[PDB]
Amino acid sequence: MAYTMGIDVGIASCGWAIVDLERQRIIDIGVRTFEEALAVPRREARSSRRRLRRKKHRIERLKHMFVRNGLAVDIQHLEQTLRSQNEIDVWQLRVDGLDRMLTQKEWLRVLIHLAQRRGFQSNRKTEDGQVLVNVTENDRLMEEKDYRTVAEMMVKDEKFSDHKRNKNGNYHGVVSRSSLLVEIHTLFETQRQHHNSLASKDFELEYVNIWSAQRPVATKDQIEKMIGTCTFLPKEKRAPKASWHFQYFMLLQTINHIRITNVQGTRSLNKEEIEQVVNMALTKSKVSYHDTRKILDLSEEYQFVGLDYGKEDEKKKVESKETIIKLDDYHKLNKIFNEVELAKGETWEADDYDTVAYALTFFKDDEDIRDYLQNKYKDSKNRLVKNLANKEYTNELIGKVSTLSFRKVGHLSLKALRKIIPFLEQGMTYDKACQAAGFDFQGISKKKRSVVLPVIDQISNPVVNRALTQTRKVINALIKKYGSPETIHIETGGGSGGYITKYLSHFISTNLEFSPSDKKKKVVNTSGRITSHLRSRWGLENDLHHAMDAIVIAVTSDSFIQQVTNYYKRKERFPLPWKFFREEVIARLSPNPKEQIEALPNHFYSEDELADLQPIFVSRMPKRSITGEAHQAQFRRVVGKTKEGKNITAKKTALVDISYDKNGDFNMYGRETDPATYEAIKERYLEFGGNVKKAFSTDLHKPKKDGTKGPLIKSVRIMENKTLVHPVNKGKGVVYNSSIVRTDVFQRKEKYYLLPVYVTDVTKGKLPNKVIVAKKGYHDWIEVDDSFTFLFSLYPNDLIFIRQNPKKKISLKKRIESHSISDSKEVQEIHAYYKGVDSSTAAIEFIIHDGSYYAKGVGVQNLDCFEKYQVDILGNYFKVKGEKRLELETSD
């Protein structure tokens, strides 16, 4: 009952092997699969929703004020007022308001318009992009041409003669926030000179306060919550790198670890030399190894350990190149401290440097910085948090230090650094200073080992988190079947930049109980190179190769690697784990394992071992979450219905993105109402070689009736057909579908029917109730009634079994096409992982267990059998006998 576990872990799969190294037999093998980054669309959607909401609120706050300050009676009045007929362009009104009184209506439009877009405001703390160049250029245009305001620039300047708003993803019209504030103030001023009653200084101040309001990049404890904890004191936060304690610790560690070598040997610096290097670092901006040699007058027989001196030993060049210490944060803060006069007694102390470091590292807005440095910061639970100096600093200082930017933390808390530094000051190495302070420098886990792996610390990297948690489920399933392993051999694929390898090794080593044995490393990391050589040499050379690799990994120890090097040394003047190992591996990876094992000489497996023997069945992780993108993003117009009941949609499309045929024709909506534009585009496309980028890299004009040049043509509406759309914005647009949540399967008079359920259906009161009819519009799909029996719901990667009726077979297609005369396999029946449904055809798509074959467009209506199964972690599956059609109810 002792075994070796082999594990092959990627970001999308865990191959595994149970091997008995004494019996010299493969016990059991398998594969668990779990197929931008995952959170990015969600994060971006979050940002978009907030931006739009905050803009709307700003306009709403302004409209509420306009009532209260007496520009209108109420909001109902205000809306009607402004939704009267606009005569003059609001940009022209913005310019007119500089030299004449604006009417109430004109003024209201101007104030709303100014609040739509607030311009660029840098948050930079440390090449210039297209936004910065345009902001700078626009600022220069206004300064040099004497434009009184942004609007005056935008109306009068040649740069904006064709458009004011930005087009085709350029940033020509982006201006500074400050220039728009100048405009607001100017217009309130000029309106007051021209006797506008609604331009009072009170109104001005409330307008600017509303217009200017914005949230800081971080508020309160937000940064503190992201900062990690001390390696030694895990309820402490990590210290800022800008703190004195961090910088002095780092300095002392560095100097104490210097080593110098001559022909005789290697030595450290003495206490006298250290003091000299330490004092130089505290006064000089940067220190090189050259400055270290110079301050100590160190003989040219000595070299510093760790430098590359090459052949020539051009010592000044090598040593001058290498900066050993640069206490930037210290010197920057020390300069600001020296601008601030102190009383005769007191001096700037370590706690002042730490306090300012904390303030600027843990907080980014001026309100939090100010409160903290005034010693009255309240955290997000209203609890006072005094600064480290317990000091209310002066407004002068707070103002001055807020010009600095600090960031980043070390691994250790301030408390830990306070205890360690005194021992580093006595010249100890880092490790011994830690010991002297009362800390185990390795922070070794004191925790008790466990029979199954405990839950994993949830980490923010969703791909790494999935891999580790799936690998845990595999290991724990295998422990619960076979008991504890003697060792675990692990290989990883490089897909997480080393995070999975480092995490997983340490986690298993620290937490898992191994079966009692003499073997030293409980966790053995094998190289892909060695694995790859053995597979080639053994001629063992899809999802099954992960299982193969898990076998090789399991039987790869260091003692076996020696036998390969012994062989290659001997051959210079091939090792197998056991007899028939190749043939056994091939047997265990095959569909007919029993037949292949029994074909080996001399009852290679016992009668028991053969009775237990199943073919490998790859286990695929279920995906049964009902959240997801609700529908596609772009809004479309419905312009008609096809004969077969599809929606005809249209959407404005840039000339470069239009789809043209051989003749340069395209599906332009309203072609009949614009032959000049239709013909101009087609003609332009044909002039060039159907090179769309070349053709549409210059302006195209619509010809006027007289034949001279009229307006530019940048896009037209293109028509396309779609069965299923959803209305948005009170039916003012439609949108297409995104991923299907689940497919509900029904039976009626021995035929099968499919009802796709979309994310938009989760908001409804009732489930959708129409099963697909191929090539017909939604109106002609069939309403479900008592004649249909509900069978089950299929999510992606649910397991199905189908049997085709006798008149035909299912054509499985090889995922990887080959030199074979046959790249398809036709089967009467199949167990397969469901992928989805084609709503135009009621035909499905699936993959066989290991992903090596698939089918697509398989109609279900006249199958002989259609059943649902479910798979466990290790590959066993179980028939679903009965399901209820579940309602769908998000908490949102």
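Don't overthink the numbering: it's just position in the shown sequence, from 1.
Trainee: Unmodelled stretch from the deposited sequence between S820 and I821, which bin: none, 1 to 3, 4 to 9, 10 or more?
Mentor: Per the deposited record, the segment joining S820 and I821 has no missing residues.
Trainee: Classify the number of deposited-sequence residues missing from the model between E35 and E36: none, 1 to 3, 4 to 9, or 10 or more.
Mentor: Missing residues, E35 to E36: 4 to 9.
Trainee: Of the two stretches 743-751 and 111-119, which shows the higher Cα B-factor on average in the entry?
Mentor: Stretch with the higher mean C-alpha B-factor: 743-751.
Trainee: Looking at the deposited entry, does 100-108 or 703-711 carry the larger mean Cα B-factor?
Mentor: The deposited B-factors put 703-711 ahead on the C-alpha mean.
Trainee: According to the deposited entry, which of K419, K662, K730, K809 has the largest Cα B-factor?
Mentor: In the PDB entry, the greatest C-alpha B-factor among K419, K662, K730, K809 is found at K662.
Trainee: For the listed residues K159, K235, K225, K271, which one has the largest C-alpha B-factor as given in the deposited model?
Mentor: Of the options given, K271 has the highest CA B-factor in the PDB entry.
Trainee: Within this chain, which third does the Cα B-factor at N876 fall in: lowest, middle or highest?
Mentor: Middle third by C-alpha B-factor.
Trainee: State the tercile, meaning the lowest, middle or highest third, of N209 with respect to the CA B-factors recorded for its chain.
Mentor: Its C-alpha B-factor, which the entry lists for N209, ranks in the lowest third among residues of this chain.
Trainee: Looking at the temperature factor on the CA atom of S13, which third of the chain's modelled residues does it land in?
Mentor: According to the entry, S13 has a C-alpha B-factor in the chain's lowest third.
Trainee: Comparing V31 with the other modelled residues of its chain, is its CA B-factor in the lowest, middle or highest third?
Mentor: It falls in the bottom third of the chain.
Trainee: By the recorded C-alpha temperature factor, relative to the other modelled residues in its chain, which third is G70 in?
Mentor: Ranked within chain, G70 CA B lands in the highest tercile.
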